[PDB]
Engineer: 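One structure coming up, written as structure tokens, with questions to follow.
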Amino acid sequence: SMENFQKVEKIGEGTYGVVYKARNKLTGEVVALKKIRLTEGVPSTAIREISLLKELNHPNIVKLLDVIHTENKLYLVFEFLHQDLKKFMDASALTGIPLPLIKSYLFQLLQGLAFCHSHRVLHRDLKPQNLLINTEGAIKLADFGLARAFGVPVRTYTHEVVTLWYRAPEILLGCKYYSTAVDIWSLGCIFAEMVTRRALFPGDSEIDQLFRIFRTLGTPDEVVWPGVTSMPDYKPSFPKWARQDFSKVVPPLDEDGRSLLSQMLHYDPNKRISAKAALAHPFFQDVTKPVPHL
Amino acid sequence: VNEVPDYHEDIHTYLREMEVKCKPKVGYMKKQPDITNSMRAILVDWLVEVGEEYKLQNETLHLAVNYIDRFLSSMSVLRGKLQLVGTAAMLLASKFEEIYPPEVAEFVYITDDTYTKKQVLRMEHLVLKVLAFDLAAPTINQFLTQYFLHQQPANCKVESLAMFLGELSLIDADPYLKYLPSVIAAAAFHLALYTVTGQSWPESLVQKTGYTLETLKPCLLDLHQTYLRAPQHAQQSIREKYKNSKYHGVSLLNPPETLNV
Ligand SMILES: CN1CC[C@H](c2c(O)cc(O)c3c(=O)cc(-c4ccccc4Cl)oc23)[C@@H](O)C1
């Protein structure tokens, strides 16, 4: 089963299990082996991750090659990607990421995310540790451990969902329903983070996180967001901060960039831009596919 | 955005393609030496009680029945094990679909200790191997909820009646295994719309689906009968369930005598 594979290096670990870099002895292909943690049978995170990744086949989504199910181990075999966007941003702390590469990566992330949403899948955990890059200029969505298949229209799903810093306001405010818009919020926070090299809303509790969002975009009312003051966790005592101009939120960013960023971060999920629509934004008029500069 | 305007058409096209790949063998029951359409009906009725008892989503029940029919399309099973297959399918569907699935121990309790926890867990593993982890199947519900967005205006009794008719179709392999989920759902929607309001399968749903009253006619005839005889059926757990006010007491409405079709 694992007889064809030679382990090369342990490259990550967490609640999920552990990942190794490995080599197929007969074909030469370099793979990632994600060994899943094993109570209550096969975990639901792995059932969902496997069944959805088998349906999703796209150049900006990680490719599941095989599943090895020993009855005592569970390994997912993936095509290998060398580094995550978090580690790349930290390694580019000295003078930052060039604008052509920022454009290429965001363009690719939107293709991949549009493909998920066209196939009725929400990711629900987009952030730089879960976005992987290679030596040829590609970037891909990874870690589908939190993903879920959705119906049309959606019903109520799990409330404890996105990592806090990247979590949309409709989740923070305890709405009954959420949809594809939560993944767009996260990508908007990631876009800012690639331009500046630090998180846009780094809160330390749910309430701190809301107040940080309000201090940048302004406290929402009934005019900018119909129904906001009727939501389960909306407090009338919330402070009324003024909306900041967007040139002050991300100073180095040109006019097109700012327009796209603002549509990604719109308060009302119904007005927030779709991934599919964002690919046509003028910010991408001159987009290429450069390789990473490091 | 809860109705995903920029994606519902892509999603519909995809579910249509997937329902053909996830389809059971139509003739599987004839090739099972020890089981029958009648034993399968007892099993599905039992899973409806289990779903009502643990407050499971209807989608969970539909997926479980999909996993069971695909498993039995490839594996021969003795009568004394059919319940073990069903219990593992219901556990897997719960894990896939529910926010809070019951624990493995709660699934051993409802089999009346016919089986062990070790047997339930092994069977879970065997079902995953046989279906190769393809668990994101299209169901009658995934289509029904999309069709509902075409009511003018939305009517709550139409919706719950259609759910009820679709759910009755899961019990009887003959005839319903020969119809795709999207077709059973079109039939169930028309019949519910006509029974409650007197309107018919609309034009906007002809543009979306390609289905006309003409193409839906065979399934609609089978479904009309099932509705008429439903108070006479040996299995009644679906009727008990749709008395409840959560489903607007729709199992109390009276079926129409003819369709004019
Ligand atoms: C917490 N998350 C992180 C992503 C991780 C994951 C995948 O889901 C799928 C994959 O194909 C890979 C991969 O090919 C390489 C790496 C990796 C690279 C550099 C450094 C560390 C790692 Cl782990 O991760 C992958 C995911 O399963 C776990």
Side-chain angles (χ1 to χ4, degrees), chain A residues 39-56 64 67 69-72 74 76 114-122 147-160 170 175-182 184 268-278, chain B residues 1-15 17-18 21 57-59 63 88 91-107 117-118 120-129 131-139 141-149:
Chain A
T39 47
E40 295 300 288
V42 180
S44 68
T45 47
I47 284 171
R48 290 185 178 163
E49 177 168 18
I50 293 166
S51 60
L52 304 171
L53 277 173
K54 283 186 78 213
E55 293 192 359
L56 298 168
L64 182 51
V67 175
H69 195 194
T70 317
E71 107 226 10
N72 32 293
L74 194 54
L76 322 206
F115 195 94
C116 297
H117 295 162
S118 298
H119 295 64
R120 61 89 182 70
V121 177
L122 304 168
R148 111 113 75 190
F150 68 91
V152 181
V154 300
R155 62 173 215 263
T156 297
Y157 304 131
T158 298
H159 63 222
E160 289 191 279
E170 64 263 32
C175 273
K176 191 192 215 291
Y177 297 135
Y178 59 81
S179 183
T180 50
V182 312
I184 291 284
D268 184 359
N270 297 321
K271 310 285 194 185
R272 203 173 305 151
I273 196 178
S274 69
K276 185 184 269 198
Chain B
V1 92
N2 300 350
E3 312 186 343
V4 285
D6 293 11
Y7 305 99
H8 74 145
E9 194 160 318
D10 282 347
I11 292 167
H12 180 82
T13 294
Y14 183 62
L15 298 174
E17 186 196 323
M18 251 31 217
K21 300 158 193 265
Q57 295 289 283
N58 290 342
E59 181 66 18
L63 291 164
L91 171 62
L92 284 163
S94 298
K95 276 160 157 172
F96 186 83
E97 193 59 32
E98 293 287 333
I99 298 162
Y100 303 105
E103 291 172 312
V104 175
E106 304 196 297
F107 283 103
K117 172 155 144 132
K118 184 120 73 62
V120 170
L121 288 197
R122 264 166 106 223
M123 184 63 88
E124 180 186 67
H125 182 103
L126 182 56
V127 170
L128 285 169
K129 188 224 136 176
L131 307 176
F133 291 82
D134 300 328
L135 302 194
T139 66
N141 280 30
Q142 289 169 69
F143 287 106
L144 278 173
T145 63
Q146 273 189 257
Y147 302 164
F148 297 161
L149 306 172

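Below, read A as the first sequence line, B as the second, and so on, with proteins coming before strands; counting in each chain starts at 1.
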Engineer: Quick check for you: to the nearest 0.5 Å, what is the distance between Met18(B) atom CE and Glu55(A) atom CD?
Structural biologist: 4.5 Å
Engineer: Between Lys129(B) and chain A, with a heavy-atom cut-off of 4.5 Å, which part of the residue counts as in contact: side chain, backbone, both or neither?
Structural biologist: neither
Engineer: I need the residue from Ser118(A), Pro43(A), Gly41(A) with the largest number of non-hydrogen atom pairs under 4.5 Å to chain B.
Structural biologist: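 Result: the option with the highest number of such pairs is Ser118(A).
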Engineer: So for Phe96(B), is it side chain, backbone, both, or neither that comes closer than 4.5 Å to the heavy atoms of chain A?
Structural biologist: both
Engineer: Show the nearest heavy-atom pair for residues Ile47(A) and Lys95(B), with the distance to one decimal.
Structural biologist: CD1-CD, 3.9 Å
Engineer: Nearest 0.5 Å please: distance from the CD atom of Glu40(A) over to the CZ atom of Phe107(B).
Structural biologist: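 Answer rounded to 0.5 Å: 10.5 Å.
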Engineer: Check whether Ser51(A) reaches the backbone of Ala136(B) with its side chain - one donor and one acceptor, N or O, closer than 3.5 Å.
Structural biologist: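 Here the side-chain-to-backbone pair does not exist.
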Engineer: Under the 3.5 angstrom rule, does the side chain of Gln146(B) hit a backbone N or O of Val152(A) as a donor-acceptor pair?
Structural biologist: no
Engineer: With rounding to the nearest 0.5 Å, note down the distance linking CZ in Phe133(B) to NZ in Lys54(A).
Structural biologist: 8.5 Å
Engineer: Which atoms of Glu98(B) come close to chain A, meaning under 4.5 Å heavy atom to heavy atom: side chain ones, backbone ones, both, or neither?
Structural biologist: backbone
Engineer: If you tally heavy-atom pairs under 4.5 Å against chain A, which of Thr145(B), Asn2(B), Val104(B) wins?
Structural biologist: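 The candidate making the most pairs under 4.5 Å is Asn2(B).
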Engineer: Rounded to the nearest 0.5 Å, how far apart are CG of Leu121(B) and CD of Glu71(A)?
Structural biologist: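 Those atoms lie 13.0 Å apart.
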Engineer: Chain B heavy atoms under 4.5 Å from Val67(A): which part of the residue, side chain, backbone, both or neither?
Structural biologist: side chain
Engineer: Main chain of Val1(B), side chain of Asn270(A): is a donor-acceptor contact present, judged purely on distance under 3.5 Å?
Structural biologist: yes
Engineer: For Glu97(B) versus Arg48(A), what's the shortest heavy-atom pair and its separation?
Structural biologist: C-NH2, 4.3 Å
Engineer: With a 4.5 angstrom heavy-atom cut-off, could you sort out which part of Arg155(A) is near chain B: side chain, backbone, both or neither?
Structural biologist: side chain
Engineer: Please classify the contact between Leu149(B) and chain A as side chain, backbone, both or neither, with a heavy-atom cut-off of under 4.5 Å.
Structural biologist: side chain
Engineer: If you count heavy-atom pairs within less than 4.5 Å of chain A, which of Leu91(B), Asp10(B), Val120(B) leads?
Structural biologist: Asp10(B)
Engineer: Minimum heavy-atom separation for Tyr7(B) to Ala114(A), with atom names?
Structural biologist: CE2-O, 3.9 Å
Engineer: Between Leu131(B) and chain A, with a heavy-atom cut-off of 4.5 Å, which part of the residue counts as in contact: side chain, backbone, both or neither?
Structural biologist: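 When you check distances to chain A, no heavy atom of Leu131(B) falls under 4.5 Å.
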Engineer: Would you name the heavy atoms of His117(A) and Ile11(B) that are closest together and state the gap between them?
Structural biologist: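 In terms of heavy atoms, the two residues are closest at O-CD1, 3.4 Å.
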Engineer: Give the intermediate values and the outcome of side-chain contact (heavy atoms from CB on, under 4.5 Å) for residues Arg148(A) and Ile99(B).
Structural biologist: CA-CA 11 Å; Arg148(A) 111 113 75 190; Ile99(B) 298 162; 4.2 Å; yes
Engineer: Between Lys276(A) and chain B, with a heavy-atom cut-off of 4.5 Å, which part of the residue counts as in contact: side chain, backbone, both or neither?
Structural biologist: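 For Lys276(A), the contact with chain B is made by backbone and side chain together.
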Engineer: Heavy-atom count check: over 12 atoms from other residues, nucleotides or ligands less than 6.0 Å from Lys117(B) NZ?
Structural biologist: yes
Engineer: Identify which part of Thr39(A) has an atom lying under 4.5 Å from any heavy atom of chain B, answering side chain, backbone, both or neither.
Structural biologist: backbone
Engineer: So what's closer than 4.5 Å to chain A heavy atoms on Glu103(B): side chain, backbone, both or neither?
Structural biologist: both
Engineer: How long is the gap from OG1 on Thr158(A) to OH on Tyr100(B), to the nearest 0.5 Å?
Structural biologist: 7.0 Å
